[PDB]
Amino acid sequence: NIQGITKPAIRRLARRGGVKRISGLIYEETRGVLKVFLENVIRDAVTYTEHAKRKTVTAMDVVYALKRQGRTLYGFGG
Amino acid sequence: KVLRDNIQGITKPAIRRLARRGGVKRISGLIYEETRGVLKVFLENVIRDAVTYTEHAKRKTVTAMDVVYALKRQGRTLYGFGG
Amino acid sequence: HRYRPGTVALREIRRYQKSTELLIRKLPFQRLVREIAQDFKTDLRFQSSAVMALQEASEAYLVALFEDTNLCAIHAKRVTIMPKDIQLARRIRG
Amino acid sequence: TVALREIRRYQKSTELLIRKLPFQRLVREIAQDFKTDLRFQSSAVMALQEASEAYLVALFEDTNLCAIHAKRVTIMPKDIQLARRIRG
Amino acid sequence: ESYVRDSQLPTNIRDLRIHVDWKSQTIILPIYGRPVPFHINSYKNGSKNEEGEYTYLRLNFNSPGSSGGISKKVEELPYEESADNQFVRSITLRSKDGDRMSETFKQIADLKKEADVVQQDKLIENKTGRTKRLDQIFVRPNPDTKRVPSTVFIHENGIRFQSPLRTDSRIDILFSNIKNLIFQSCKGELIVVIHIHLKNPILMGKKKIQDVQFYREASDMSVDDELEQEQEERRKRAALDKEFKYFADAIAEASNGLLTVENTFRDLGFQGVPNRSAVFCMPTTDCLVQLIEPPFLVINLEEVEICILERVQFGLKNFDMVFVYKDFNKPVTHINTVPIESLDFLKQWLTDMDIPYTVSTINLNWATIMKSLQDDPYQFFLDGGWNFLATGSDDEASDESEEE
Amino acid sequence: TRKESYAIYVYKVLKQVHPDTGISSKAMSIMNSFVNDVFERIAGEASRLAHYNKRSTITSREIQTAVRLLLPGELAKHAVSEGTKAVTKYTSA
Amino acid sequence: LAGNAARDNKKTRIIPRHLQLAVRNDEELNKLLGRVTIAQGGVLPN
């Protein structure tokens, strides 16, 4: 599951960041960080849906959740 | 009238005591002027917002309420002054 | 010719900085997100655009965090990033 | 060794390290640029000073952490800009 | 001594430039047209200044107020032969007139630096019927940076670590020099280990070491659900554990109950930081040790007077504690990150040891107290003993009122 | 002049949670600004939620989800339990 | 929590040092009020 975010992909992310050489523990630790941040966003998203009385995680609700977190996203919602 | 070196009024011992409250053990000499500058930039940000609130208020005094409100815009809210 | 170490990595740095594409694969990431969301409300469905939003938000977060990680390493006088760098970056971020 | 104490004494205290009147004059100096004839509240001046105090304290915490990563027990200015930029 | 006779002249008879000698570990200077040699061990330091065109060189010897921080103290070279006798402290020169002075000043800079063991009794080796031998044992600190596997043996008047598996070199340890032998097992630990702490450190390999240890590793992580691996690991741990316990009994009968081995109190242990690293403390019968990861430090409890807990406040999952010794010449150690839940265990342990403790929040130097108490052991009892840490009048704080 | 203060009720809460304890005026101002800040946070979250779901009226449901969002985990659980108990007693009366 | 800190300090009254000490030390309420600064709070031992 979180292991699906694999070493080549973590390397691609780090190269977008700028990193030239990468240590091996980077992959596992980054996987953990991704797990944590995804939990933080999804909790707000699903809570928004339970208020909305919908059974699906709407992208508008996602944008509102990311707005609450402060890591605002533009384009995939009104 | 005119004031100068008021940012220099921040003293080297004051910076060192701040860094020690913050946990610093050994302090390089160059730290002091740059901390003075960081404090300076933060103060124009806060004071600009506070004075803007007052100019909206049609008031010649910068109330602690307006100060708190400026800090709240900056995202560094403080409790204890006004309300 | 046998490329010396690091040159191809620098090439990829330029390449993926130029690109504007998703660097984590869509179905693995969708599976991951669904696995997280099992806990909060089970059997929950996802709008696909919503999944895309989670994905690019995560991409931005990890990209900025790797930037901070690399800055930490260069501060540490070490070109290779270490986990130490990631903890330092997140601890400064707070 | 007194340096090592000198961390731990001021950590308890609630005192405002920056002296009161030079901060008042600094604050009015910055005020003059944006508007003059501004008669600040004393409460407003203390409110500014406390926030500045806390901000610098957090900055020095992050600075020392950067140094510990570097294997340097001395804070260098590179630590200051590194902390500022990572904080954003 | 610099020289001994007239036959050995300086490098040049007409020494119109200030000369520095290397062979005889001394240098000559003319104080206004007539010579004198002085010694590197008689020297402290040198310094420079350039001003306009004029230049001022300062050279400081080793003397009272210069070599020692406080006068009238006890030092090897100046004081020991004569404590109340004339010496010289520092001189200066100005040699702007010739461009040969920076060269000799840098030769000074390296000559000051250019220039150590108590020898134990030789440990007699005897191959008797009762012979102790176990393999895959690694010694630490090692003779060289690489890791040395070999065997260990017990004899009647010391401990012998035979290298011939690796390099045939011989290292000897004297029974009287060993102060404390302690075992620590693999119960929650990554190694299985035997520590011997020595009172007279020995020179071995490349350096001078006090603490000596021999262990075997218990690592399980690999970078190359099956129950066979778990069974193999459990068999290895248990079988080698019975081997170690048998070996401990063997050395116990060899020592005839003199050099006792203390049992780790894992219940009493805690995650401390005495060596600025996350280590799990594990108190023992008479010598508290933290013997899991390096750097490795041992504190002898026989020479501990009392203990003082500092950083006493709620919300402090890390709080510090001080060993007040009976001998203050040695440095003071600071265990850090003591868990809150472990405070009761520390108190019970100290009560068992019968050592009165103090709990407080105030801070003063350790340096000035050590200096003053070496100056007079009783001055601090005169000025009130360890009760001074207790606060009687710090400040007064209150408020007008709060009502509406 | 009348001053809008939660202090009168905060003092009662302080004595019930801890009878013998007292409060400085400075700490009392900390609490007054605290209650104002938390009230504004929750009320603003409720207003945004009413707009987001297009509801024209804030209700207990909006407030409890706002609590769920703004508070972190453990305080969120205990706060929602205490609050649902509170509206329950109010309605049952 | 503030009264509990005050009882450790032995002072009957609660002061903003106690208020900030409780907030910083308790993880949960530290997440609620992390961005906040408590006036004259001070910093925790470390």
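K.L.:
Explanation requested: the overall build of chain F in the structure shown.
P.N.:
Within chain F, the secondary structure is distributed over 4 helices and 1 strand. Along chain F, from the amino end to the carboxyl end, the secondary structure elements read α-β-α-α-α. In summary, chain F has a C-alpha radius of gyration of 16 Å against a globular reference of 12 Å for 93 residues, an excess of more than 25%. Its C-alpha atoms give chain F principal-axis dimensions of roughly 45 × 30 × 30 Å.

K.L.:
Which parts of the structure should I look at to understand the interface of chain C and chain A?
P.N.:
When the parts of a complex come together, some accessible area is lost, and that lost area is often taken as the interface size. Every contact between the two is made by 55 residues of chain C and, on the other side, 43 residues of chain A. Summing both partners gives a buried area of about 4,800 Å² for chain C against chain A, and 70% of it is carried by carbon and sulfur. There are 3 salt bridges connecting chain C and chain A. Its salt-bridge partner being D43 of chain C, residue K55 of chain A comes within 3.3 Å of it at the nearest N-O pair. If you look at where chain C meets chain A, you find 18 residue pairs in polar contact. Elements that contribute at least two residues to the side of chain C that touches chain A include exactly α1 (7–18), α2 (26–40), β1 (45–46), α3 (48–75) and α4 (83–93) of chain C.

K.L.:
Honestly, the packing of helix α2 (residues 25–52) of chain A against helix α3 (residues 60–70) of chain F in this entry has me stumped. Any pointers?
P.N.:
Relative orientation and spacing of two packed helices are given, respectively, by the angle between their axes and the distance between those axes. With their axes 10 Å apart at the nearest point, α2 of chain A and α3 of chain F run at an angle of 175 degrees to one another. Here α2 of chain A is positioned roughly antiparallel relative to α3 of chain F, judged by the angle of their axes. Each of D44, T47, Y48 and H51 of chain A in α2 of chain A lies in contact with α3 of chain F, whose residues at this interface are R61, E62, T65, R68 and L69 of chain F. Of the residues in the contact of α2 of chain A with α3 of chain F, the class split is 2 nonpolar, 3 polar and 4 charged.

K.L.:
Can you walk me through helix α1 (residues 12–21) of chain B in this structure?
P.N.:
Counting along an α-helix, one turn takes 3.6 residues, and residues three or four places apart therefore face a common direction. Residue and element names in this part refer to chain B. With 7 of its 10 residues buried, α1 lies for the most part within the structure. Every buried residue belonging to α1 is among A14, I15, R17, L18, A19, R20 and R21, and all of these are buried. N-capping of α1 is provided by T11, with a side-chain oxygen placed 2.9 Å from the backbone N of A14. Count one or two residues on from α1 and you reach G23, which has phi positive near 105 degrees.

K.L.:
Honestly, the pattern of salt bridges in this entry has me stumped. Any pointers?
P.N.:
A pair can form between side chains of opposite charge whenever their charged atoms are brought close. Scanning the entire structure with this criterion turns up 29 salt bridges over all chains. Put simply, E6 of chain D and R20 of chain B hold a salt bridge, and the shortest N to O gap is 3.1 Å. Of this pair, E6 of chain D sits in helix α1 (residues 2–12) while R20 of chain B sits in helix α1, placing the two residues on different chains. Exposure class is identical for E6 of chain D and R20 of chain B. Each is buried. Between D172 of chain E and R160 of chain E there is a salt bridge, with the nearest N and O atoms lying 2.8 Å from each other. Of this pair, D172 of chain E sits in strand β10 (residues 170–174) while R160 of chain E sits in strand β9 (residues 158–162), and the two are 12 residues apart along the sequence.

K.L.:
Teacher, can you tell me more about the packing of aromatic side chains here?
P.N.:
Aromatic ring pairs: the centre-centre distance and the angle between the two ring planes describe each pair. Counted according to the given criterion, the structure contains 13 aromatic pairs over all chains. Here the aromatic rings of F323 of chain E and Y325 of chain E are separated by 6.3 Å at their centres, their planes lie at 50 degrees, and the arrangement is tilted. Side by side, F323 of chain E and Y325 of chain E carry an identical accessibility label, which is buried. Their ring planes at 55 degrees and their centres at 4.6 Å tell us that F380 of chain E and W386 of chain E sit as a pair that is tilted. Connected via pairs of aromatic rings, a cluster forms that spans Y48 and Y64 of chain A together with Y52 of chain F. For the cation-ring pair, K132 of chain E lies above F247 of chain E, with the distance from its terminal atom to the ring centre recorded as 5.4 Å.

Procedures and definitions
Residues numbered from 1 in each chain as written, not as in the entry; some residues may be left out. Chains lettered and ligands numbered in written order. Part of a larger assembly, values for the part shown. Heavy atoms only, no water. Residues with missing side-chain atoms left out of burial classes, pairs and counts. Helix = DSSP H or I, 4+ residues; strand = E, 2+ residues; numbered from the N terminus. Rg over C-alpha atoms; globule rule 2.2 N^0.38 Å. Contact = heavy atoms within 4.5 Å. Buried area = accessible area lost by both parts, 1.4 Å probe. Salt bridge = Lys/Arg side-chain N within 4 Å of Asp/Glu carboxyl O. Polar contact = N/O pair within 3.5 Å; in protein donor to acceptor, adjacent residues only side chain to side chain. Axes fitted to C-alpha atoms, helices over the stretch in contact; angles between N-to-C directions. Parallel < 35°, antiparallel > 145°, perpendicular 65-115°, else oblique. Nonpolar A, V, L, I, M, F, W, Y, C, P; charged D, E, K, R; others polar. Buried < 20%, exposed > 50% of the residue type's maximum accessible area, 1.4 Å probe, protein only. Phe/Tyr/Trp six-rings, centres within 6.5 Å; stacked < 30°, edge-to-face > 60°. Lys NZ or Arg CZ within 6 Å of the ring centre and 35° of its normal.

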